[PDB]
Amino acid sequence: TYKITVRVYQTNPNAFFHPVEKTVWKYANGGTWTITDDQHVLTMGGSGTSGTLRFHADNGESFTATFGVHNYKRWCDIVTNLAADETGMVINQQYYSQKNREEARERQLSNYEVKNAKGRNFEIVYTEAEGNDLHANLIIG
């Protein structure tokens, strides 16, 4: 199995985000999201699956942060500017069907950042980026 432990850092008091959805894709015997010590922990049955956290702020901003393992290496991606019909489960499945999302997954990124239309930055960085016990920060700007 693979585990990814996520710590969320909110750095900007002009908004407050909280998780509103946590999904697990069906490959590699699936997996589970849990919480330990305020950390989001994704356990997966093997390489080749992922899980998505969707976050929402009361000002309307939202994004997905997806974490997984592709070909035995971690990957991540962030999607911002979500439409109301782009729920977390929609986004999570797209990584295994929609070519641009497949390509983002297959890049096996251990670090990625992107801005939304309002100019807020979002970053995922794996601080332990090797092996089966992976650790990442999700940093909201």
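Just count from 1 along the sequence shown to find any residue number.
Between the stretches 33-41 and 65-73, it is 33-41 that shows the larger average CA temperature factor.
Look at the mean CA B-factor for 10-18 and for 119-127 in the entry; the higher one is 10-18. The residue among 53, 89, 104, 84 whose C-alpha atom has the highest B-factor in the PDB entry is 84. The PDB entry assigns residue 78 a C-alpha temperature factor belonging to the lowest third of its chain's modelled residues. Among the modelled residues of the chain, residue 98 sits in the highest third by CA temperature factor in this PDB entry. Residue 59: CA B factor in the highest third of modelled residues in this chain (values from the PDB entry).
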